[PDB]
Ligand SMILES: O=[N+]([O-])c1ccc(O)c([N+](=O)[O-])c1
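Next comes just one chain, in structure tokens: the form solved without the named molecule.
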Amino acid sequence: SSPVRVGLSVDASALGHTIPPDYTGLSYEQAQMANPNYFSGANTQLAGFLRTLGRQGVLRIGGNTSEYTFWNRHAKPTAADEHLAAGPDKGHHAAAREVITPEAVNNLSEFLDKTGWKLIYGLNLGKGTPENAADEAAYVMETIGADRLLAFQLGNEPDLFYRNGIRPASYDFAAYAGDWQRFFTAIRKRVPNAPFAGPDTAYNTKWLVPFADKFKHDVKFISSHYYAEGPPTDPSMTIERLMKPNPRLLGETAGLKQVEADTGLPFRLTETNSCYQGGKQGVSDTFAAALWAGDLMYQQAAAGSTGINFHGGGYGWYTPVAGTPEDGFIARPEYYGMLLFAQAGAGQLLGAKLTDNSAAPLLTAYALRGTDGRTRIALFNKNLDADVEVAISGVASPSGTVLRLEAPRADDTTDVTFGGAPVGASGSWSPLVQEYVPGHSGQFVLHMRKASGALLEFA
């Protein structure tokens, strides 16, 4: 009904980046490692949610709580630890001290085996010692093994140590570089092959750029963070603003691309979500987050990112997966945007140009030549008030199907489906609605409701 009529032109000759198979990922608080039941081979529910997000992917463990977690080689989990549900750190005050045990690391290894995911593991540079980091790294490497361990990170958001009471106001990149080298040196004595990434901050000029320049021979990739919300001085983030382009993201991405050109280091977005402080109720925990997250995954893949890790845990407002081993796990709305990406699969991005779209400017579209040879198109109609009718040219196929990413309202906290079905227990998901996209004159026409997504697959 009264859609904006737009054109989408796919160009199979306009080659973009190849999405790596381990692009997807999640980030969790290191405090969660206090509970050996969470990242465990026994946590079949959570493992299933990860496998549905990707047969390959990366689990990053870090966050603010990584400055408050203290590995101890003799420790055993307490009764309290065995029930801990560590949600995103809200950033209001110091996290609780937690202990990480051998048992938790042993169980993490088995969780990585059950999921097939690789690991980015934070070490406690904020408050811990080099020697303990070396010992923790040694045990992780011993246990998890080089093939599954992608990187250690030496501190989380070190540019914010002072804001969070971890370093004095004078702490700057030069001070952090000294800490980093002390930790690096200690760890490499115990773990000569230890891989690193950093600086595990948002892009900025005073930390990330000089980090890359100084440590490019010592790290495997650059790790960056991104939250769509800006500083606390901004108007409170809304769904409307979450759907819009974020010029800061665009600039930071360009910055990362220049770092890669200068240093050779690829970049991964190792911690991201919509809003700070564990998210914003009525924004982060809504269907709009699915549109935002799915679109972000493709925007960053098209920009040459190696991958992404959406922060979460517990029942945090922005978590993709919520729950506990005792109570079970569920897919929150954001998960469904990641599910659309998962179902599209890997391949090479292609040119996909929108026209006649000024009245529906928040529609995005990405075309992909899948590794199976089939063309897919992921569309995010992020316009909150405009339906669209998309005239698709540049695809020659006898049959196109669509899987829709839907909820009845953008701010819904539930009622989210993909392919006509919710995700069930343990990540199980099957499409239940089959819809063909009408074809005529070598073109296709796709209707999309306001605030919806679609994944098209062409035979």
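Only the largest set of C-alpha atoms that superpose within 1.5 Å between the two forms is called the rigid core. Residue indices: 1-based, along the sequence shown.
Q: Across the other PDB entries of this protein that model residues on both sides of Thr272, is it left without coordinates in at least a third of them?
A: Result for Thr272: never missing in the compared entries.
Q: Is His447 one of the residues left unmodelled in a third or more of the other entries compared?
A: In none of the comparable entries (those modelling both sides of it) is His447 left without coordinates.
Q: Looking only at CA atoms, which has the higher mean B factor in the entry: 6 to 14 or 441 to 449?
A: Per the PDB record, 441 to 449.
Q: Per the record, averaged over C-alpha atoms, which has the higher B-factor: 282 to 290 or 112 to 120?
A: Comparing 112 to 120 with 282 to 290, the higher average CA B-factor belongs to 112 to 120.
Q: Of the options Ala177, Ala322, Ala94, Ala302, which has the highest CA B factor as deposited?
A: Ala94 has the highest C-alpha B-factor of those listed.
Q: If you compare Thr417, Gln45, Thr401, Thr65, which has the highest Cα B-factor in the entry?
A: Max CA B-factor in the entry, restricted to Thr417, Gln45, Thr401, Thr65: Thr401.
Q: C-alpha B factor of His74, ranked within the chain: lowest, middle or highest third?
A: According to the entry, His74 has a C-alpha B-factor in the chain's highest third.
Q: Comparing against every modelled residue in the chain, figure out the third that the C-alpha B-factor of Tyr203 lands in (lowest, middle or highest).
A: It falls in the top third of the chain.
Q: What third of its chain, lowest, middle or highest, does the C-alpha temperature factor of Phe196 fall into?
A: Answer is lowest: the recorded C-alpha B-factor places it there.
Q: By the record's CA B-factor, is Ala425 among the lowest, middle or highest third of residues in the chain?
A: Middle third.
Q: In terms of the CA temperature factor given in the entry, to which third of its chain does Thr253 belong: lowest, middle or highest?
A: Its C-alpha B-factor belongs to the middle third of this chain's values.
The same protein has a further form, the form solved in complex with the named molecule, not shown here; the description that follows concerns it.
Q: Since exactly one of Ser399, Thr413, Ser393, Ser426 fits, which has a heavy atom within 4.5 Å of the named molecule in the deposited bound form?
A: Looking at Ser399, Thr413, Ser393, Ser426 one by one, just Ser399 meets the 4.5 Å heavy-atom criterion.
Q: Pick from 417 to 425, 430 to 438, 404 to 412, 44 to 52: which stretch has non-hydrogen atoms within 4.5 Å of the named molecule in the deposited bound form?
A: That would be 430 to 438.
Q: Superposing the core, which one of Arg97, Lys206, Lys220, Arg182 shows a C-alpha shift reaching 2 Å or more between this form and the one not shown?
A: The one that moves 2 Å or more is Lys206.
Q: Has the Cα of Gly16 moved 2 Å or more between this form and the one not shown, judged after a core fit?
A: After core superposition, the displacement of the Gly16 C-alpha between this form and the one not shown stays below 2 Å, so no.
Q: Superposed on the rigid core, does the Cα of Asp147 end up 2 angstroms or more away between this form and the one not shown?
A: After core superposition, the C-alpha of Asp147 moves less than 2 Å between this form and the one not shown.
Q: After superposition on the rigid core, does the Cα atom of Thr233 shift by at least 2 Å between this form and the one not shown?
A: Shift at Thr233: 2 Å or more after core fit.
Q: Flagged pair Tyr203/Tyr276: C-alpha distance shifts by 3 angstroms or more in the deposited bound form. Which direction, closer or farther?
A: The answer is closer, because the C-alphas of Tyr203 and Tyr276 approach each other in the deposited bound form by 3 Å or more.
Q: Your call: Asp135 and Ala79 CA atoms, closer or farther in the deposited bound form versus the shown structure, by 3 Å or more?
A: Here the pair is farther apart than in the deposited bound form; there, closer.
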